[PDB]
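These notes concern the structure reproduced below.
Residue numbers (the deposited numbering), protein chains in the order written: chain J, 17 to 61, 84 to 212; chain D, 179 to 204.
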């Protein structure tokens, strides 16, 4: 019951942080489409409006950086139980009582993979926000907006993997 | 020194400062 409370804590933390990431990405795509429309509307034919749009894009980015620091705190938390338990149980314990059948190394594998995808996705978003207001080629602007919208460093299969944790924490009904 | 030029971050290092009383530092 000691480890049970923290595994069902971390599953709920993973689910709510993914939903807050999605809401912040939708607001960021609306503001990036506005600043692209403003730059093409001047180039077909200001600095206070452009600087204001850049400042609130930076506000969206520091919100995402806060979410990234929370995901960092979630994986080190889980890594610990790995050691403590594995060591104390020592070997002579090929019977670890978890919830249904998993060991904790699968929880390390799932949290490590999700941390790697969201950590690379934040660096791609930082490069898009760095280079978006200074380009002039509209193929490159459509490319940069597509990299914001479609999120190419996040696999779909990991979302299936998150459902495996929700079948192994019992928040959802079986 | 930090500034953000239209979203792009810029970092500068101050080497020499000369002021209006006529003293030059290093």
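Note that CB positions come from ideal geometry on N, CA and C, so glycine has one too.
Pick helix, strand or coil for residue i, following the three-state DSSP scheme.
i: residue 84 of chain J; result: coil
i: residue 173 of chain J; result: coil
i: residue 183 of chain D; result: strand
i: residue 191 of chain J; result: coil
i: residue 132 of chain J; result: coil
i: residue 69 of chain J; result: No coordinates exist for residue 69 of chain J; the numbering of chain J passes from 61 to 84 with nothing in between.
Give every residue of the same chain whose Cβ lies closer than 8 Å to the Cβ of residue i, excluding the five residues on either side of it in the sequence, and list them in chain order.
i: residue 43 of chain J; result: 98
i: residue 50 of chain J; result: 91
i: residue 124 of chain J; result: 142
Have a look at residue i and residue j and give me their C-alpha separation to the nearest angstrom.
i: residue 195 of chain J; j: residue 28 of chain J; result: 19 Å
i: residue 25 of chain J; j: residue 182 of chain D; result: 39 Å
i: residue 56 of chain J; j: residue 198 of chain J; result: 40 Å
i: residue 153 of chain J; j: residue 89 of chain J; result: 32 Å
i: residue 192 of chain J; j: residue 142 of chain J; result: 23 Å
i: residue 190 of chain J; j: residue 19 of chain J; result: 35 Å
i: residue 39 of chain J; j: residue 46 of chain J; result: 11 Å
i: residue 31 of chain J; j: residue 119 of chain J; result: 21 Å
i: residue 202 of chain J; j: residue 179 of chain D; result: 48 Å
i: residue 205 of chain J; j: residue 35 of chain J; result: 18 Å
i: residue 197 of chain D; j: residue 191 of chain D; result: 18 Å
i: residue 122 of chain J; j: residue 104 of chain J; result: 28 Å
i: residue 62 of chain J; j: residue 202 of chain D; result: No coordinates are present for residue 62 of chain J, because the numbering of chain J runs from 61 directly to 84.
i: residue 23 of chain J; j: residue 207 of chain J; result: 7 Å
i: residue 132 of chain J; j: residue 52 of chain J; result: 58 Å
i: residue 128 of chain J; j: residue 101 of chain J; result: 41 Å
i: residue 61 of chain J; j: residue 54 of chain J; result: 11 Å
i: residue 200 of chain D; j: residue 84 of chain J; result: 39 Å
Near residue i, what residues of its chain come up, given a Cβ to Cβ distance below 7 Å and the 5 sequence neighbours on each side ignored?
i: residue 116 of chain J; result: 26, 145, 146 and 149
i: residue 167 of chain J; result: 95 and 99
i: residue 106 of chain J; result: 156, 157 and 160
i: residue 33 of chain J; result: 105, 108 and 109
Residues of the stretch 84 to 112 of chain J in Cβ contact with chain D at a cutoff of 8 Å, in chain order, please.
88, 89, 92, 95 and 96
Is there contact here, the stretch 106 to 117 of chain J with the stretch 153 to 163 of chain J, by at least three beta-carbon pairs under 8 Å?
As far as the Cβ criterion goes, the stretch 106 to 117 of chain J touches the stretch 153 to 163 of chain J, which means the pair count is three or higher.
For the stretch 183 to 202 of chain J against the stretch 158 to 172 of chain J, are there 3 or more C-beta pairs whose distance is under 8 Å?
yes
Touching or not, the stretch 183 to 193 of chain D and the stretch 163 to 182 of chain J, by the rule of three or more beta carbon pairs under 8 Å?
Touching, yes.
Pull out every residue of the stretch 123 to 154 of chain J whose Cβ sits closer than 8 Å to any Cβ of chain D, in chain order.
none
Interface positions of the stretch 179 to 197 of chain D facing chain J (Cβ-Cβ less than 8 Å), listed along the chain:
182, 184, 185, 186 and 187
For the stretch 157 to 184 of chain J, which residues have a CB atom closer than 9 Å to at least one CB atom of chain D, in sequence order?
167, 168, 169, 170, 171 and 172
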